[PDB]
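# Chain and residue survey
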Amino acid sequence: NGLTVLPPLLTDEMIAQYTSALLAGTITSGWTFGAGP
Amino acid sequence: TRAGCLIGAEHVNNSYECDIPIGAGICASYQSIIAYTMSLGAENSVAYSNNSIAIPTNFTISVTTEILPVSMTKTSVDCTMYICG
Amino acid sequence: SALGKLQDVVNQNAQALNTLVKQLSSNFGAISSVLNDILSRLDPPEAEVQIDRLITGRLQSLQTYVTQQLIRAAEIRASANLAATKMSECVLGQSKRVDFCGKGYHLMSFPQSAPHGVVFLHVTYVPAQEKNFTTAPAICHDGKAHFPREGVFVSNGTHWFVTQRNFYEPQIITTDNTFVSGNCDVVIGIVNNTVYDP
Amino acid sequence: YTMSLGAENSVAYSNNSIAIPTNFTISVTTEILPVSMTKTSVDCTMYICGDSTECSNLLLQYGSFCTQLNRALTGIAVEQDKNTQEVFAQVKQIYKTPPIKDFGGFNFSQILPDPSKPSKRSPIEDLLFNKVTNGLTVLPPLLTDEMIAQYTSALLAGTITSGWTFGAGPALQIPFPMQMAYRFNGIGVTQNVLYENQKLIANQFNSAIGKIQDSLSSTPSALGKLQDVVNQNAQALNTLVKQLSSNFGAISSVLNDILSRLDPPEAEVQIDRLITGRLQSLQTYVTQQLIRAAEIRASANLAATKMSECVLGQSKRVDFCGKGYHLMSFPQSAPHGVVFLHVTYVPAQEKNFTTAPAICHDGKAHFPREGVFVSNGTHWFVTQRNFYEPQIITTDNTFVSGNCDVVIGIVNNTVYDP
Amino acid sequence: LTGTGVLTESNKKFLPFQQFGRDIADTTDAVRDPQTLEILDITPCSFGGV
Ligand SMILES: *[C@@H]1O[C@H](CO)[C@@H](O[C@@H]2O[C@H](CO)[C@@H](O)[C@H](O)[C@H]2NC(C)=O)[C@H](O)[C@H]1NC(C)=O
Ligand SMILES: *[C@@H]1O[C@H](CO)[C@@H](O[C@@H]2O[C@H](CO)[C@@H](O)[C@H](O)[C@H]2NC(C)=O)[C@H](O)[C@H]1NC(C)=O
Ligand SMILES: *[C@@H]1O[C@H](CO)[C@@H](O[C@@H]2O[C@H](CO)[C@@H](O)[C@H](O)[C@H]2NC(C)=O)[C@H](O)[C@H]1NC(C)=O
Ligand SMILES: *[C@@H]1O[C@H](CO)[C@@H](O[C@@H]2O[C@H](CO)[C@@H](O)[C@H](O)[C@H]2NC(C)=O)[C@H](O)[C@H]1NC(C)=O
Ligand SMILES: *[C@@H]1O[C@H](CO)[C@@H](O[C@@H]2O[C@H](CO)[C@@H](O)[C@H](O)[C@H]2NC(C)=O)[C@H](O)[C@H]1NC(C)=O
Ligand SMILES: *[C@@H]1O[C@H](CO)[C@@H](O[C@@H]2O[C@H](CO)[C@@H](O)[C@H](O)[C@H]2NC(C)=O)[C@H](O)[C@H]1NC(C)=O
Ligand SMILES: *[C@@H]1O[C@H](CO)[C@@H](O[C@@H]2O[C@H](CO)[C@@H](O)[C@H](O)[C@H]2NC(C)=O)[C@H](O)[C@H]1NC(C)=O
Ligand SMILES: *[C@@H]1O[C@H](CO)[C@@H](O[C@@H]2O[C@H](CO)[C@@H](O)[C@H](O)[C@H]2NC(C)=O)[C@H](O)[C@H]1NC(C)=O
Ligand SMILES: *[C@@H]1O[C@H](CO)[C@@H](O[C@@H]2O[C@H](CO)[C@@H](O)[C@H](O)[C@H]2NC(C)=O)[C@H](O)[C@H]1NC(C)=O
Ligand SMILES: *[C@@H]1O[C@H](CO)[C@@H](O)[C@H](O)[C@H]1NC(C)=O
Ligand SMILES: *[C@@H]1O[C@H](CO)[C@@H](O)[C@H](O)[C@H]1NC(C)=O
Ligand SMILES: *[C@@H]1O[C@H](CO)[C@@H](O)[C@H](O)[C@H]1NC(C)=O
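Residues numbered from 1 in each chain as written, not as in the entry; some residues may be left out. Chains lettered and ligands numbered in written order. Part of a larger assembly, values for the part shown. Heavy atoms only, no water.

Its PDB header attributes the entry to cryo-EM and lists the resolution as 2.66 Å.

And the structure:
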């Protein structure tokens, strides 16, 4: 009746990839990746 | 109660954590339905004196969860189709 | 009920959609809630009035739905700004802010994706198995007052030591872990103990 | 007039002069934050229609508008209790102060609960509670004022007897002149400064607490932030009451007059006009109540952040917990609000000194380990940055890096060796 | 009963006093053909946001 659900721009696997990148950064590099290289 | 009259709950003198809030310090729980004044917390008297200190000798690595919502479902409504079809 | 915060948002959005769909079944004072029935039963001079009643009712319902959707969007935006702050300060660094990144002394944090949400696993340090000690603000030695550089003077009953504040690690009170400021006449509660010199 | 922004203060800047404080003021400031509102509930059916069954039969044609209004008001009502729970119930242990109030000269009688009062409030909290003055129901708050005062008493006992340790785990007791020294070291001032001047700091703290009580007792507009919330809620309820006296184009604002003066074919039209007018009024009231509930929730989240970061710990954030270098904070309950007494350190009685970045000695550059090189005109010393305490420049308070050819502005002075 | 839609064979079994079926929004989602007594679902014709 005119209602639509727009899909999100980031899918769940890409959000999971972002969280995996954050986990890899904070495990292998500490807080250094959040402030530079 | 200060919230009003409560019929069907047995008032007890013990204090528990709030399960179903009634109001004005009254809470209800199921164990029959009981009503009670809620307990803010367990009592604890800190052993203060002017020349004594407490130093930890051990530690616990504690991991806790924090859940935070980020987005909602993106809903769009065709206004002309919703009103008129 | 661990994930109740996300399920609350999902239930509120689904209930708002269900209410908006349910509002089409109301006639709002017209003869019928179906537009085709009015258009097949009535001439346009009175069908215009019935359709006008249906239009103003459905428009009021839609404006109401958009109003609480904007209010919930503001609430979710505030929660998402909080989540971005927690991601910046607890995951990408170590935070000195108390109870911002869990209960206890915050060590580090892990982000986890969740349906329309984020879950932070806060790894924190909790002190445990505390023990009483007799403490003093300063040590009087050779007419001089000695204060700890980073720790605290403790005594187990007969002997005086200096330890770090958040963990019991007794060390001999030396000139290397203490500093000298003034005499013993000023500090209230100064005690007499020797200070070793390496 | 054209308004002025403040007094012009040309700071005496030069490339080799510094200003070092020689004294301090223990300053206590008040911060008032609203936490919750009055929990209001509206019977939508009785507000639109009262006891008229024909009005409710016509109101059923509009569907579930009343259900949405009741659910929105119920959400606001439980949100207020959630706000109070997040602000005040940050500890699950109810701490008490010891019966002997020996805190090294520090007086907390104006903020600790008074045993002589039946409400078990502090004198400051008692003054704060004295300074705040058709289908409609007011739901009582879930936490009474006595239990909010009990929560603030537990927080005060924890932060007095145990430091910030109770906010991070078990409450570890510590003497208050030691807790204070730890707070002094958190803002970068050495423990000795606190210990040597402990009587003066205790006297300044007691004088500031008394000035806080006098300023609250002498200013009528001190608690205006809570009073604005109370006045807005009462005025919105009064407007919602006064909207019932309007006919909205009908022949009368009373449903009984229409039902007694007219037949149902035209009374249906007049009642429909009254229904849509009162429904529009109720939707307007619920919308502005939701907006104000969002504002109060934001203020309560801020208040919970200040409770966690200023009371349960020492905060490095500038101006988050008062003006100046934050030492500690004390919570006080207020009617639908919280009052934080921020105890801060303000530097005072500053003095000019001639300063240098490094000391050249034996072809080596010496830099201060924790302080700064100062000179009174003839002799060079090293002192801590936030308080003037001159010490002899030794190898124990300096470190060596490079020669004297690199650092711009290095001066020649001896460096003593113990 | 006028409308616009796609008529499909239905698995719903109407009682003999029933002629049509309504959904949540009180639109006719199922109808009995008055000549051959069979039930038909009425799906709305496909609408897609552009
Ligand atoms: C440190 O010493 C104090 C005082 O001796 C201890 O506090 C007492 O503990 C006993 C046992 O729980 C209680 O019965 C007393 O009422 C407490 N006294 C006070 C004044 O609180 C405290 O337990 C000791 N700390 C540790 C870790 O043993
Ligand atoms: C500090 O606490 C840890 C536990 O958090 C203690 O480790 C336990 O030691 C006992 C006896 O040695 C073992 O039976 C347990 O299995 C150990 N637990 C774990 C998780 O390894 C440790 O002994 C404590 N140390 C002190 C000095 O008290
Ligand atoms: C406080 O701690 C000190 C050091 O740990 C203890 O001194 C030692 O005690 C043991 C056991 O009697 C002796 O074998 C050592 O020779 C002591 N060392 C020195 C340098 O004297 C002391 O006994 C402890 N006091 C209490 C009351 O437990
Ligand atoms: C700590 O040591 C100081 C100095 O050794 C003691 O001060 C002396 O006290 C005696 C008697 O109380 C006096 O006759 C001396 O004149 C004091 N000396 C000085 C330099 O003032 C002090 O009493 C000692 N304290 C303890 C608790 O043993
Ligand atoms: C440090 O020295 C400077 C310069 O000698 C002082 O600045 C002067 O202060 C007086 C008194 O307010 C003014 O009349 C001058 O105009 C100021 N000069 C400049 C260049 O700003 C400063 O007051 C001294 N600091 C202290 C704490 O006495
Ligand atoms: C630092 O400031 C304090 C005030 O905050 C000074 O204490 C005052 O000293 C004067 C003169 O000695 C007395 O008349 C006052 O009664 C004192 N006030 C208090 C509250 O004790 C102190 O003298 C200052 N010290 C320095 C070195 O400037
Ligand atoms: C702590 O502060 C309170 C209040 O500032 C002091 O109580 C005052 O005591 C004096 C002398 O005994 C009386 O003249 C005042 O009327 C009291 N004021 C109040 C409000 O009761 C108290 O003496 C201070 N010290 C201690 C140790 O409690
Ligand atoms: C700068 O401070 C130093 C030390 O505080 C002062 O040196 C002392 O000055 C007094 C007064 O003339 C003498 O009695 C001492 O013998 C000096 N001590 C030493 C070690 O020489 C110095 O005078 C101060 N300079 C100024 C300009 O005030
Ligand atoms: C600080 O000391 C250095 C070395 O002791 C001085 O540098 C000397 O300056 C004289 C005259 O300019 C030269 O003849 C020497 O060759 C320099 N020696 C070195 C090692 O560079 C410097 O002038 C002194 N600074 C001040 C302000 O007196
Ligand atoms: C601590 O209190 C005792 C009495 O309870 C007293 O004798 C002692 O001097 C006090 N010490 C300090 C540092 O206040
Ligand atoms: C500071 O400025 C003066 C001139 O105003 C100059 O002679 C001196 O070398 C400068 N010092 C530094 C460290 O820049
Ligand atoms: C005519 O309609 C009746 C019921 O309305 C039905 O039983 C019969 O089969 C129909 N006949 C034809 C030829 O459509």
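That covers the picture; the talk isn't over yet.
Below, the discussion takes up the nonpolar core. As a rule of thumb, nonpolar side chains are buried together in soluble globular proteins. Formed by 60 residues in total, the largest nonpolar core has its most connected members in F106, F108, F205, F330, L341 and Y345 of chain D. Excluding anything up to four places from it in sequence, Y345 of chain D contacts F24, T25, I26, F184, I187, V189, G324, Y325, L327, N386 and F387 of chain D. (Core = buried A, V, L, I, M, F, W, Y, C linked by side-chain atoms within 4.5 Å. Buried < 20%, exposed > 50% of the residue type's maximum accessible area, 1.4 Å probe, protein only. Contact = heavy atoms within 4.5 Å.)

Lining the immediate environment of ligand 1, one finds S45 and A47 of chain B together with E130 and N132 of chain C. In this structure, ligand 1 sits where chains B and C come together, each supplying nearby residues. In this structure, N132 of chain C approaches ligand 1 through a side-chain N or O atom, which is 2.3 Å from an oxygen atom. Here ligand 1 has 600 Å² of accessible area as a free molecule, and 27% of this is covered by the chains. (Near = heavy atom within 4 Å. Polar contact = N/O pair within 3.5 Å; in protein donor to acceptor, adjacent residues only side chain to side chain. Areas by Shrake-Rupley, 256 points an atom, 1.4 Å probe, with all protein chains shown as cover.)

Turning our attention to the environment of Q289 of chain D. All names here are of chain D. Along the chain, the position of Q289 falls in helix α11 (residues 264-311). Spatially, the C-alpha atom of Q289 lies 8.2 Å from that of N233, the residues being 56 residues apart in sequence. Apart from the residues lying within four places of it in its own chain, the contact partners of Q289 are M37, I76, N233 and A236. Of the polar contacts made by the side chain of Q289, one reaches the side chain of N233; its length is 3.3 Å. (Helix = DSSP H or I, 4+ residues; strand = E, 2+ residues; numbered from the N terminus.)

On to the packing of aromatic side chains. One pass over the full model with this rule turns up 24 aromatic pairs over all chains. Relative to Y345 of chain D, the ring of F24 of chain D has its centre 5.4 Å away and its plane inclined at 40°; by these criteria the two rings are tilted. Ring centres 5.4 Å apart and planes at 85° place the aromatic pair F184 of chain D and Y345 of chain D in the edge-to-face group. Here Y345 of chain D lies in strand β6 (residues 337-356) and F184 of chain D lies in helix α6 (residues 176-186), a separation of 161 residues in the sequence. Connected via pairs of aromatic rings, a cluster forms that spans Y48 of chain B together with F103, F106, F108, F176, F205 and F330 of chain D. Its end group placed over the ring of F100 of chain C, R97 of chain C keeps NZ or CZ at 3.6 Å from the ring centre. (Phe/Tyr/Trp six-rings, centres within 6.5 Å; stacked < 30°, edge-to-face > 60°. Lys NZ or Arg CZ within 6 Å of the ring centre and 35° of its normal.)

Another point: unusual backbone geometry. Residues and elements named next belong to chain D. With a phi angle near 55°, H336 is a residue other than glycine that sits in the positive phi range. Here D362, not a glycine, exhibits a phi torsion of approximately 55°, which is positive. Looking at the element boundaries, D362 is found in the loop between β7 (359-361) and β8 (364-368).

Contacts between the two partners involve 56 residues from chain C and, on the opposite side, 29 residues from chain B. Together, the buried faces of chain C and chain B total about 4,000 Å²; carbon and sulfur atoms form 64% of this surface. Across the salt bridge formed by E66 of chain B and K86 of chain C, the nearest N and O atoms sit 2.7 Å from each other. Counting every contact that joins chain C to chain B gives 22 residue pairs in polar contact. Contributions of two or more residues to the side of chain C that touches chain B are made by α1 (4-22), α3 (44-91), β2 (117-136) and β5 (152-155) of chain C. Top element by residues in the side of chain C that touches chain B is β2 of chain C. It accounts for 19 residues. Class assignment for the residues of the side of chain C that touches chain B results in 33 nonpolar, 16 polar and seven charged. (Buried area = accessible area lost by both parts, 1.4 Å probe. Salt bridge = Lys/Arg side-chain N within 4 Å of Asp/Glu carboxyl O. Nonpolar A, V, L, I, M, F, W, Y, C, P; charged D, E, K, R; others polar.)

Take the pattern of salt bridges next. Where charged atoms from two side chains of opposite charge approach closely, those side chains can pair. Under the definition given, this model contains 13 salt bridges over all chains. As a salt-bridge pair, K96 of chain D and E43 of chain B come within 2.7 Å of each other at their nearest N and O atoms. Separated into two different chains, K96 of chain D in strand β3 (residues 93-96) and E43 of chain B in strand β5 (residues 42-45) make up a pair that spans both. Between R97 of chain C and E89 of chain C there is a salt bridge whose closest N-O contact spans 2.9 Å. Note on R97 of chain C: relative accessible area 18%, which makes it buried.

As a further point, take the interface of chain E and chain C. The interface of chain E with chain C comprises six residues on the first partner and nine residues on the second. Each partner contributes to the roughly 540 Å² buried at the junction of chain E and chain C, and carbon and sulfur atoms together form 58% of this total. Inspection of the region where chain E meets chain C yields zero salt bridges. The tally of links from chain E across to chain C stands at one residue pair in polar contact. Grouping the constituent residues of the side of chain E that touches chain C by class yields three nonpolar, two polar and one charged.

Where the eight pairs of chains in contact are concerned, the greatest contact count is recorded for chains B and C. Of all C-alpha pairs spanning chain A and chain D, none lies closer than 18 Å, and the two are not in contact.

Before going further, it helps to examine the state of the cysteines. Residue and element names in this part refer to chain C. In this structure the tally under the stated criterion is seven disulfides over all chains. Bridging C90 to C101, the disulfide has an S-S length of 2.0 Å. When the S-S torsion is -75°, as for the bridge of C90 with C101, the disulfide is left-handed. Of this pair, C90 sits in helix α3 while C101 sits in the loop between α3 and β1 (105-114), and the two are eleven residues apart along the sequence. (Disulfide = S-S within 2.5 Å.)

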